[PDB]
Every structure is written in structure tokens, then in C-alpha cells.
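S.K.: Take a look at this one; I'll ask things after.
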Amino acid sequence: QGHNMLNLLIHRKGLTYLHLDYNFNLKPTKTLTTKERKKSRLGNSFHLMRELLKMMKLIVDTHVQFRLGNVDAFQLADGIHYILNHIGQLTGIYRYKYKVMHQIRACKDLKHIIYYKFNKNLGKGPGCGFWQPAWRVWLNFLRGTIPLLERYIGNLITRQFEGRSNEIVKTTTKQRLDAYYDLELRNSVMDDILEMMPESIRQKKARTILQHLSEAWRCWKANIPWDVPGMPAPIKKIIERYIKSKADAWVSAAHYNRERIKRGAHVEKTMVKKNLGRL
Amino acid sequence: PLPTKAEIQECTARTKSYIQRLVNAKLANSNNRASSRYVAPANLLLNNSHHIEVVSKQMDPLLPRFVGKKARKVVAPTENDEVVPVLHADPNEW
Amino acid sequence: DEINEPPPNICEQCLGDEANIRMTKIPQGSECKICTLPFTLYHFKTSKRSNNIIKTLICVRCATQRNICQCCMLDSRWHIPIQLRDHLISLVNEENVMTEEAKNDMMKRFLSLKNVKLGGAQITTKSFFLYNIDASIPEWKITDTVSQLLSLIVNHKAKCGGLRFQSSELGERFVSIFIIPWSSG
Amino acid sequence: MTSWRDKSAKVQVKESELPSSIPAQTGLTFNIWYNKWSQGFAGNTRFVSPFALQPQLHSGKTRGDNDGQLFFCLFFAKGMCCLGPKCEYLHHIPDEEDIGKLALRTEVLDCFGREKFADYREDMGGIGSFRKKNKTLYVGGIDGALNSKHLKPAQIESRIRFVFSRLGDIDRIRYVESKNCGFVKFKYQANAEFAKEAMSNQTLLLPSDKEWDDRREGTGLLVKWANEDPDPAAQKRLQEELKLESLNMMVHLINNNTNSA
Amino acid sequence: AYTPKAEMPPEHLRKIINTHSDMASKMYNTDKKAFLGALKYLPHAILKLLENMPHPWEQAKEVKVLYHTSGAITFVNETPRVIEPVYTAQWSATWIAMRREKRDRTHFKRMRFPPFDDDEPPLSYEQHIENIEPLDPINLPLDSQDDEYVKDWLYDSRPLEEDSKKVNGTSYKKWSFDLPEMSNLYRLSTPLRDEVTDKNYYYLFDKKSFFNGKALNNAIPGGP
RNA sequence: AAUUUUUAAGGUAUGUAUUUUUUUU
RNA sequence: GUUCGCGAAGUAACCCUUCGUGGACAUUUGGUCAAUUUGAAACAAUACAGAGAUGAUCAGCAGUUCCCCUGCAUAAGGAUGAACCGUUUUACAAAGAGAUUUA
RNA sequence: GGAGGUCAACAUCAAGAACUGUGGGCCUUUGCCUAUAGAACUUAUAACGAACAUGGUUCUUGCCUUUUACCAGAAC
Ligand SMILES: [Mg+2]
Ligand SMILES: [Mg+2]
Ligand SMILES: [Mg+2]
Ligand SMILES: [Zn+2]
Ligand SMILES: [Zn+2]
Ligand SMILES: [Zn+2]
């Protein structure tokens, strides 16, 4: 079932150069052009899912070889114990979610405790097969990653059939903060100045007023006074007001980032290089 | 006058009833068996001749529900109702 | 709410002779063959058996704008093709009724919403050698006529038709607008 | 009747025989989802159909008749139907008695129960439009006949007149020598569609003449819907045949009003 | 109304699933959308499958499944239940089998991982695995006499299904036992459930002392 | 008196055309 | 087919078999879907054009559009993701000057 | 009619140590006082589970080119 599901999604997306082998290793078969490369970038839903099937396939394969007669009972129990402890080393699920290192370390610890109670008085050898603790640990990890994979895979497929949303309103974050600050300032100035003037003509005039604003801000940074020849006083009042607002925000951020840098907290990189210009 | 008590108790109810219809329908639309826990013959054919009974068949839970649903853009024509009346030196200074 | 609310438009003709009918309501079925937008699909069956399921092709709006039937795409009054019912309304009066309709994609997707309406809806080896033939009549007419009275080639550029019966004896029979004559070797 | 009525159509092809899916090696790897050969360049997918029907011989009574399902088996039209007497659709060439029952719905969907699309298709492909009633068929790729060339249009015309003849009515047929395109108009809509599927990707000549044994190999012939006839000769006639039909359709429409009162 | 669900022949499922192996036909267009649509639920099917694993004293478990008629997915619909003391006895008893068999044989080989090569498609049950008789499980000798109470029903899949007195019923909840049986189970489980039995021993080790040590940022000598 | 292990992305563009059987004067 | 009852047959301490019958028990599946070329996946390869500002080489972040792609995504990437930097003549008169010009 | 069902639906399951019903009395039925009937399941080294996972937001941290994936404590 699983193998057919993942092949149909892959081939659906149009990737026939990526090959799933029957142990759920996703291998490229060929050298890829960048477009091939960008389309075959492939998310954590697919990979995490695939790794999860790989764990399953592994255990079911052990019981198969028990049933085929190739192995033994004791060797079966030791086998699945070895699987449930070494999922780190056999699978690689940790790459796609790294939080799982908690379950992996727990299985390692349960290993130690079970061995040195088990192997007391006899041997270093591989004989083992008390798999109940590790099995529980993995079952619980499963208990909580069902809603992850259902939300992820739900999104991946509902996008795959129905396409992504057109709107996509993007939040304000660290990178695109001060661009938004600009935009709100420019709008905020056009509002006032357009509400002052008598009526008839705006748009070229609208464009020109903003150039006076930015010029005036540049003058504020350089400490140059920014007088202008004949300009209506009220407009000058407006521009000075908003430039004092922007100057206050600019200075306050200059100080805040500076104490943040002093005490040692992580200020990134260009916030330092940007800061020192402000200061 | 103020709206009055008996009228405000009316529109409060009829709106509150209406909104729940939107919230319920909207929760039960999207993909969640989890979030959906918060939630008529209808036709006399034309002249009424045949009559009708309508029953909505249950879809297969694997297949995409709303098979016709796909995200697409639409440019909307302008609404029917029309014509709301608007009813409303310095050039050298400004 | 505008999506589900309008009731479906289905003819009395195709809807069958049955006294009471069950039909299937799918909130989102196929798009129109016209506007290419989703709508609510309605199956039904004329009889509790038949072999054939009936399916609403176009929208309620796209049908209403054309004053036609969803299942039939025939006029909701007279059960006429739209390619025709306009021509009847063009003959009457003088020049009208032509529907310039729905090209590109976002055109028709935009066009279906407006209530302006459209067109007509708003108002609501023996070779005989054959000559003297009107270009217009089809071969199907000729042979049918011969059959009624009692195998064939025609050339329509020529206006000449040849006829081989399965026996001159037929020749005598039929010999019991045309240029006939009987010859072959 | 003597041909169709009594018989239940013999199975055209055994289940085992029918071509397999997965057309062979157009591309480096098969795509399970879209069934195609993905990566590489196709070199004209098209081939001559290995199958064709025998209009008189294969036609017979079937289970669709007892059901009386309106729609026709298309795998019969290709002569490829493997169900035969157990098929649920009608096996035969359309007549005016069966057309009359379809005549309600033939506008929205073809004779096979395939819904028509509004705008046609670029190259005038499989099914037409439910906007226009088109009785005119276009033939192309006469290379389906293969290299063997015929002395005049007489050989062509008569052959085309012979082959399409069995598939229903014919209003007229015109081959063109300058352009290898022959326009066929059946009397009826439903017949034009039945011929399209039956005659596509096919070969020509006699059963055993010349290169017939190696006939299977070639490019195959197109059968497509046809554009309006541009010459004012038929353009008058198409419009004149239009009006005269329109006048017939006023009377019946005032008759059921004459009935209505 | 509500008639319960109809159990079926496994043959039906088998035919479904191995039919859908090869699909290139057009008839599969709506059975492929079911495969993709089913991918959302797969991590749950892995759960139910993997919590019902056999346990060593079982040679095989036969578990209910719930399958999609298009063969898109197959859920294991049981949940396991166990009598706690009976279960502890079984695991403890195998435990002793493991030590005896570890000390027993000199060379202990371990399975190669993965067991099957990448390119070999997963072998079918009905052909390969079904015909062979199963190898014996771990069990334990268990004694001729002492264990006479438990020895009959100990290693059964669900140890007591049909006993009116010993257990609720086929639904298999609410166990009830007699004294000497419990004597036998407590006797068997000594390698595992052996532990201290005074509240007094635990002393600083009980939760509340750990919650304190966390709150005060101290540590008991052996505490976390 | 005891740490802890890794995968993607920001680098090698992107765009257009290309395998087609000759729509009636 | 089961069961109840009745009516007949051969055997019959009335019962077993056999036939003909009245009634009860049980009551409308499935399809939005037909099996390759003609109702529409894409990629690669080939040829052509080449990846912002500017004197030149570079980090980027936004905005606008009936552009989207990878991604679980309201993160982040995709040449700063792409496309955009073109075209622009009338709410229009007031004063005066010259000339033609008619009751 | 009983014994059952790895059957289903519906109701309920963290609160002044904590539930309802009823009769009477004051209020004029909410509420207060008084008499009385019945309280399955879950709780005191606190709880449906002698078991134990994941996510979100906001704080304080740890790795530190940025996002994902992450370190580990808290509140909700
Ligand atoms: Mg960046
Ligand atoms: Mg950009
Ligand atoms: Mg970007
Ligand atoms: Zn529509
Ligand atoms: Zn109709
Ligand atoms: Zn057939």
C-alpha cells in the first residue's frame, strides 16, 4: 500500500528520475538540471512519512524471515530488539524531525538498564530479546506524530489536487519590517497633505510631495537643516512632524539594539553593522 | 429614540442564529474531523407536476471532497443597484 | 449562501412521466460546460430503473441567462435549440437576437455573473445517368424516394448521378426532374 | 434485419487478444500516474489501428437491446469490443428508429453518451460542440492508404464512398485533388459521430491488393470535424437549406400552439 | 436499523490488493485518487499495525482488519488487551528462556539488516509464507507439576477467552482469578517484578522530593 | 557530582520555438 | 425454501410418504466514472535571447498585476522569483490688436 | 426470556468536598430557610489512564550567517 501511495505521488508530481526502492530509499537516478533540482526538492511530509514506513517495513521483514524458516525464535526477538534500539542508525528519521533524538536516546538508556540486569553473570554476547520497553517508547512517539503527519500530508495533497491559495497575506517579520514602516509612513503623509489642500489636482503633485519628504529625512540624518524656497508653511509643518516621529523611532531602536548588543544577547550580524552606522 | 429593549433582543437573536450557520458550515468544510466537533424535499418541480425528493449521497472518505473545488481567480462584474447621488490666490499659495 | 439557494431548473419533458422522483444533490460537482465554474450537481433517473442517469450540465445562472434547461439545453418554454430559437426571432422583427458568447476563459467566467441576460431568452452494373438535379437535395432523399416508389453514386459538382441496380430486372420494374437513360456494358 | 436483427453480435476480439496498455517505449521511464513514457522525445505516437469492423457481420442483438439502452458501443465501432452478446450497449449501425429515441439528447452529448464541449477544439478533435450541429466530416492523412497511390480521385472517391457508405446515410461526398481532404456529410448528426470513431487510424484499398499485408504499419488517416464550407456556392445552399428547414420548424411550433389554444 | 458489519472472506481482500498491483488502465483513475487521499491516514495504520505485534510466545496472531474496497489501505482494527499479572508472567517467563538460551549455545548469530535487498519486491503472503508450517516460539519448559494451574492456558494468544468465571467473555475485559493461580503468577514473575516493598525505602526518592529538587535547584545524590 | 552526534534553502539562471498530413471558393 | 392450516392419494391404532392448494416469513443493488491514437501531465535534448540599480562590481527588503513554483506554513527560498520603467494635448476661457464682413 | 458481542447510537465523567428530586415556609419562580427520597462511574502521598506522546502562543534561555529542523525551563 505505502509503496504505491508514494510512487503515485512522486510520479504525479512528474518526477520519474527519483526512484523509490522497496526498502523506501529515495534515490536519484540521474544528474539533474536546476529546474529538475528545484522541483525535486521534497518536503518533510514526504520524507518523514517515508522514513516511518521504513521502520515498519524493517520489523515486518524480521517476522517474515521468522515465518519463512530462515531464522529462529530467539533470533527473531533479538532482531526486533536490535531494530527498536537502533532506529537512529538504520533509518534516519532524525534528519526530518530532530526532536526524535529524545526517543532514540531513551531507547539507548533502556538498553543499558535492560542489559546490565540481563547480562549479569554471563557474557558480553548479542543474546537479548526483551523488547517491551523500546517498543512502548516508539509506540508513544507514534501517538503524537499522527496529528503532525495528518496536517502536513493533508496540506500537501489538498494543495496537490486543488492548487495553492491565491491570496496569501504575508505577515510582518524581522526581514520585512522597515519596508512596511516606509509604506505606512508614505500613506500617512499623503492622507494629511491631501486633506489640507483645496481640491482639484493631486497625483503628480502627490508624487512630488513624497520626494520632498524623503529628501527631508535624508537631510535630518545628515544634520543639514532642510530649508526650502517657497513652500506652503502647513506642508512644511506636516513633513517636520512626521520626520520627528520617524527620527524618534530611529533613535529609540538605535539605543535598544545597542543595550541588547552590550549585555551579550544575540543581535545577529547586520544589525550590528547597521547599528554602528546609527550610533 | 433609542432602539428599545424588545427590538435589540430580536436582532441579537436573528443575527446570532445566522452567524452560527456560517461558523458551523465553515468548520465542517475543512479537512478536520477534529475541528468539526464544534458545529427537506425542498423542490416542487416547475409547475409542481412531478414533485421531487432530494438526497445527498455519501462521498467516499478517501476521495477528494468537493471534487469540483479548485482554487481559481474570478473577476467580478459590478452590482445591479445604481446611481447613488453624491450630494455634496491660493493656487499660487498651494 | 448564493451558491446553494437558487432551486434547479429542469424541464418537465426530460424529467420523465413518473409521479414522484428522488434525485441526488452534490454540493460541488463539475463546472459548467459554459462558465467553467463549480456548482451543485443533480443526478436523477426518469424511472426507478432505466439504464441512464441524467446529469445537470450547466449552472442555474448560466441556464437562467439563456432561458433554457439544465439537462436538455432546450428552451425552457418551447424546447427549441438556441442555435434555432434565435433565428425565429431574427426572422420576425429584422436584425436582432444574435448571442455573442463566451470566448477566452476569464471572459465567460466573468460573463456568467451579470444579470444583463441574453438574446432570444430575453424575449421569452446497370448505370442510369442522372441530370437535372438540384444541387441541394441529398442522395438520402433520392434513394428513399425510389424505395417508396418500389447502389448509387452522385457527383455534386457535376450535378450528375449514376445508378446501378442489382438487376436490370429492377430496371424494368422502376421503368414501371430527371434524365434517366439506361446504358452500361 | 436479415443482417442485424436475429443475430447476437459475435465477439470482435478475445479478452486475451486486446492490445495491452502502456504503449511501447516512447520514453525512458513509465509514469504510473499519467500512463505515458516520461523522459525523452516522442516521435509521432500515432499508428494505424490494428482493428476495424465488418458492418454487416459483427452487428447483432445484445443485452443492451433487452435493456433498450439508447447508447451505442464504441468498442464495437472500433471493432474491438470483447463483450459481444454480454455487452451492455447496442451493436449496430444507427437507424432512424433508434435515432428518434436519442433525438432528444443528441444535442448535449453524442451517440455514445459523451458530453459535448462548448468551444470544440483547436484541431477539431474527438467530439464537437453542442453549440453547432455539424453533419460534415473531414478526412485527412490519406497516407493511411499508404504509399500506394491511385490513378485519379475516382479510385479514392469510390473507395471512400464505399467504406463510409455502410456506416450510415450520406448526403454528399467530395474528395479534393489539390488538397487531400474529402468532406463527408451524413444525413444525420448521430451517424457522423459513429463514423468518426470507426474510421480513425485506418487503412485502405481492398482486402488483398498490393501492400495490404504490410498495411498495418503506416501513419494512419485522420477523421475530424469540418469547418463551414467557405465557398458562396454551398454557403448560399447551407443558408438556403437553413431557412427552408426553419420554415418547417415554424409550423410545428405554431401547431403545438394551435394545439395549445 | 443498524445491522452490524459483515465479515468477509480474506480471499476477497487478497484479490483486490494484488489486482491493484499493476494498474496502467483508465479504469483506475478514481482508485489512484483514493491512494493519494489515503496517504493522510497512513501513519495511523502504522500505529494500529505495530501495537498489535505478536510477542514472542505467539507463533501467529490473526487480527481483524478494516480495508478500503479499492484496496487503498488496510487498518488493523483490534486493540490488544492483557491481564496485567498474566502478561508480566509471560514476559518474565520468556526472560528466563532468553538467559538460559544465551548461556546455552555458544555461537549466537544475529539477523542481517535489512533482511531483504532493495530491488526485490515484497513477497506475497499467499504464495511464499502461507504454505510453510511455522517454526516453534520461545515458550519455556515451565515445570511438570508446580505450574499445573497456569501451564495449560499461559501461552495462549488471549490467555482465557472462554471461561465464564475467569474472565468477562470474548470481549476480554474484567479478569477474575482464584488464589493458587495468583500464587503461580507471582512465583513466575520474580525476575521482573521483584522490587522493594516498604514505603520507607523510597524516602527521598518519591516524586515530591524530585519536584522539590527541581523547584529548589538541588540534587539528591542519584536524582535527576 | 558528566557533554552528545543532523538534514533541506539562500549558486550556478530564466525565457521563447522546435516531432504536426496539405478544411471545400 | 421453512412453518401453520386445509383438501386427496398408498401405508396406515391416524402415522409415515406423495400430490393439489389458502396464509405467513423475505421485497428494488450499482454508475458524476465505457478498454490505447482525437478533450489536453511534464522533463530532457537542440537552436536562439542572456541573470536589477551603476562609471563599474555587488547585499538585499518591499510595493503593484485578471503571474505563479518548492514548502506543513501566516517561515523561508525560487535572477532582489517573474512581469512591470512604456504613451501622454479640450471642466478651458477673459482682455486687447490687425484684417475680412453684413442689416 | 437468559448468557454474551474487540457491535452501534445517545447522555455523562476535575466541583463551596464538590449531586439531583420532592414537600413545606419567606420572598412573589430566580433566591433564602426547613423536612425528606434517591446518589452508577472518577478522586487524598488527590483522579477518567497504577500509562504518557506532539503542536500553538507568549516569556526566560542554549547553539549563533538567516528560515526550517532544533537546546530546556515556565505560564496559558
Ligand atoms: Mg534572503
Ligand atoms: Mg521580487
Ligand atoms: Mg523572495
Ligand atoms: Zn455556469
Ligand atoms: Zn430538460
Ligand atoms: Zn460492445
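S.K.: Name the single residue that is nearest to ligand 5 (Cβ to nearest atom) among those in region D:62-78 being assigned to a helix (DSSP H, G or I) and more than 13 Å from chain C (Cβ to nearest Cβ).
M.R.: Only one residue fits best here, namely D:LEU74.
S.K.: I'm told A:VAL100 meets every condition in (1) within 11 Å of chain E (Cβ to nearest Cβ); (2) under 21 Å from E:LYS48 (Cβ atoms); (3) within 20 Å of the chain's Cα centre (by Cα); (4) within 13 Å of RNA strand F (Cβ to nearest atom) except one. Can you identify the failing condition by its number?
M.R.: Condition not satisfied by A:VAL100: (1).
S.K.: For region D:30-52, enumerate the residues that are surrounded by fewer than 16 Cβ atoms within 10 Å (Cβ to Cβ), more than 6 Å from RNA strand G (Cβ to nearest atom) and more than 24 Å from D:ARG216 (Cβ to Cβ).
M.R.: Once the filter is applied, which keeps residues that are surrounded by fewer than 16 Cβ atoms within 10 Å (Cβ to Cβ), more than 6 Å from RNA strand G (Cβ to nearest atom) and more than 24 Å from D:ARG216 (Cβ to Cβ), region D:30-52 yields nothing.
S.K.: Take the conditions assigned to a helix (DSSP H, G or I), within 28 Å of the chain's Cα centre (by Cα) and over 27 Å from A:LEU149 (Cα atoms) and apply them to A:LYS35. Does it pass?
M.R.: Answer is yes for this residue.
S.K.: Can you pull out every residue in region A:152-166 that is out of contact with any helix residue (DSSP H, G or I) (no Cβ under 6 Å at 6 or more places or on another chain), more than 6 Å from RNA strand G (Cβ to nearest atom) and part of a helix (DSSP H, G or I)?
M.R.: A:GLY154, A:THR158, A:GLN160, A:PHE161, A:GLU162
S.K.: I'd like the residue in region C:25-41 that is part of a strand (DSSP E or B) and more than 16 Å from ligand 5 (Cβ to nearest atom) and, out of all such residues, is nearest to C:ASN9 (Cα to Cα).
M.R.: Ranking the candidates gives C:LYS25 first.
S.K.: Can you tell me which residue in region A:66-89 is nearest to the other protein chains (Cβ to nearest Cβ), limited to those that are within 27 Å of A:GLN103 (Cβ to Cβ) and polar (S, T, N, Q)?
M.R.: By that ranking, first place goes to A:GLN75.
S.K.: Okay, next question. Kindly indicate whether any position in region B:19-26 is of a type in the set (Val, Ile, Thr) and farther than 24 Å from C:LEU113 by Cβ.
M.R.: yes
S.K.: Here is a follow-up. Which condition from (1) surrounded by 11 or more Cβ atoms within 10 Å (Cβ to Cβ); (2) small (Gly, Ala, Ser); (3) under 30 Å from D:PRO19 (Cα atoms) is the one that E:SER21 breaks?
M.R.: Evaluating E:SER21 over (1) surrounded by 11 or more Cβ atoms within 10 Å (Cβ to Cβ); (2) small (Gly, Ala, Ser); (3) under 30 Å from D:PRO19 (Cα atoms) leaves (1) as the failure.
S.K.: Sticking with this one: Out of all the residues in region C:36-66, which are of a type in the set (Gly, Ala, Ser) and either away from ligand 4 (no atom under 16 Å from the Cβ) or in contact with a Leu (Cβ under 8 Å, 6 or more places away or on another chain) (or both)?
M.R.: Residues satisfying the conditions are C:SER47, C:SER50.
S.K.: Give all pairs with beta carbons closer than 7 Å in which a residue from region A:89-111 that is within 12 Å of RNA strand H (Cβ to nearest atom) meets a residue that is part of a helix (DSSP H, G or I) and aromatic (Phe, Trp, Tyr); count only pairs at least 6 apart in sequence or on separate chains.
M.R.: Close Cβ pairs satisfying both conditions: A:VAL100/A:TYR94; A:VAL100/A:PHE141; A:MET101/A:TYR94; A:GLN103/A:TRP138; A:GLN103/A:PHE141; A:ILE104/A:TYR94.
Here is a yes/no grid of residues against (1) in contact with a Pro (Cβ under 6 Å, 6 or more places away or on another chain); (2) within 11 Å of another protein chain (Cβ to nearest Cβ):
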| residue | (1), (2) |
| --- | --- |
| E:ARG112 | no, yes |
| E:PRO115 | no, yes |
| E:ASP118 | no, yes |
| E:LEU123 | no, yes |
| E:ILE129 | no, yes |
| E:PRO134 | no, yes |
| E:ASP146 | no, no |
| E:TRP153 | yes, no |
| E:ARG158 | no, no |
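S.K.: Quickly run through region D:152-211 and pick out the residues that are in contact with a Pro (Cβ under 7 Å, 6 or more places away or on another chain) and among the acidic types (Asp, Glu).
M.R.: Selection gives D:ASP171, D:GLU177.
S.K.: Looking only at residues in region C:102-131 that are in a loop (DSSP other than H, G, I, E, B) and touching a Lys or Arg at 6+ places or on another chain (Cβ under 8 Å), which one is farthest from C:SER183 (Cα to Cα)?
M.R.: Ranking the qualifying residues of region C:102-131, first place goes to C:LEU113.
S.K.: Could you check B:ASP60 against (1) farther than 24 Å from C:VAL60 by Cβ; (2) touching a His at 6+ places or on another chain (Cβ under 8 Å) and say which number it fails?
M.R.: Among (1) farther than 24 Å from C:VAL60 by Cβ; (2) touching a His at 6+ places or on another chain (Cβ under 8 Å), the lone unmet condition for B:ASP60 is (2).
S.K.: Considering only residues that are within 16 Å of ligand 4 (Cβ to nearest atom), among the hydrophobic types (A, V, I, L, M, F, W, C) and either within 10 Å of another protein chain (Cβ to nearest Cβ) or assigned to a loop (DSSP other than H, G, I, E, B) (or both), which ones fall in region C:67-91?
M.R.: The answer is C:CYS69, C:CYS71, C:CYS72, C:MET73, C:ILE82.
S.K.: Away from RNA strand H (no atom under 16 Å from the Cβ), under 13 Å from D:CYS81 (Cα atoms) and buried (at least 18 other Cβ atoms within 10 Å of the Cβ), is that true of D:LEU18?
M.R.: It is false that D:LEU18 is away from RNA strand H (no atom under 16 Å from the Cβ), under 13 Å from D:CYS81 (Cα atoms) and buried (at least 18 other Cβ atoms within 10 Å of the Cβ).
S.K.: Now for a separate question. For region A:246-271, give me the residue count where each residue is surrounded by 13 or more Cβ atoms within 10 Å (Cβ to Cβ) and within 15 Å of RNA strand G (Cβ to nearest atom).
M.R.: 1
S.K.: Under the condition of being over 14 Å from C:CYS71 (Cβ atoms) and surrounded by 17 or more Cβ atoms within 10 Å (Cβ to Cβ), which residue from region C:8-27 is nearest to RNA strand G (Cβ to nearest atom)?
M.R.: C:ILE26
S.K.: Condition first: more than 7 Å from chain E (Cβ to nearest Cβ) and in a helix (DSSP H, G or I). Now tell me which residues in region A:119-134 satisfy that.
M.R.: Hits for region A:119-134 are A:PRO133, A:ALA134.
S.K.: If C:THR40 meets every condition in (1) out of contact with any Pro (no Cβ under 6 Å at 6 or more places or on another chain); (2) of a type in the set (S, T, N, Q); (3) at the interface with chain B (Cβ under 10 Å from one of its Cβ atoms) apart from one, which number is that one?
M.R.: (1)
S.K.: Another question, then. Restricted to region B:16-55, and to residues that are assigned to a loop (DSSP other than H, G, I, E, B) and β-branched (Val, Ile, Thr), which residue is surrounded by the fewest Cβ atoms within 10 Å (Cβ to Cβ)?
M.R.: Looking at the filtered set, the residue picked out is B:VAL39.
S.K.: Shifting gears a bit: Specify which of the listed residues (C:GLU94, C:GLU2) is outside any helix (DSSP H, G or I), within 25 Å of D:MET249 (Cβ to Cβ), more than 16 Å from RNA strand G (Cβ to nearest atom) and out of contact with any strand residue (DSSP E or B) (no Cβ under 7 Å at 6 or more places or on another chain).
M.R.: Of the residues listed, the single one that is outside any helix (DSSP H, G or I), within 25 Å of D:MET249 (Cβ to Cβ), more than 16 Å from RNA strand G (Cβ to nearest atom) and out of contact with any strand residue (DSSP E or B) (no Cβ under 7 Å at 6 or more places or on another chain) is C:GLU94.
S.K.: Scan region A:170-192 and tell me whether some residue there is part of a helix (DSSP H, G or I), within 14 Å of chain E (Cβ to nearest Cβ) and closer than 30 Å to A:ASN44 by Cβ.
M.R.: So far as region A:170-192 goes, no, none of its residues is part of a helix (DSSP H, G or I), within 14 Å of chain E (Cβ to nearest Cβ) and closer than 30 Å to A:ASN44 by Cβ.
S.K.: Among the residues of region C:79-122, how many are surrounded by fewer than 15 Cβ atoms within 10 Å (Cβ to Cβ) and among the hydrophobic types (A, V, I, L, M, F, W, C)?
M.R.: The number of residues fulfilling the criteria is 6.
S.K.: Something else: For region D:102-126: of the residues being among the charged types (D, E, K, R) and within 11 Å of another protein chain (Cβ to nearest Cβ), which is nearest to D:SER3 (Cα to Cα)?
M.R.: Here the residue is D:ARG105.
S.K.: Which residues, taken from region C:17-27, are under 16 Å from C:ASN52 (Cβ atoms) and within 7 Å of another protein chain (Cβ to nearest Cβ)?
M.R.: Once the filter is applied, which keeps residues that are under 16 Å from C:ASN52 (Cβ atoms) and within 7 Å of another protein chain (Cβ to nearest Cβ), region C:17-27 yields C:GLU18, C:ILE21, C:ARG22, C:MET23, C:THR24.
S.K.: Hey, does region D:95-105 have a residue that's crowded, with 19+ Cβ neighbours inside 10 Å and either within 30 Å of D:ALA145 (Cα to Cα) or in contact with an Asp or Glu (Cβ under 9 Å, 6 or more places away or on another chain) (or both)?
M.R.: Taking every residue of region D:95-105 in turn, none turns out to be crowded, with 19+ Cβ neighbours inside 10 Å and either within 30 Å of D:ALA145 (Cα to Cα) or in contact with an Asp or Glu (Cβ under 9 Å, 6 or more places away or on another chain) (or both).
Note that we place each Cβ from the backbone using ideal geometry, even for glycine, and neighbour counts take in every protein chain shown. Values in this text are rule-based calculations from the coordinates and carry no lab data.
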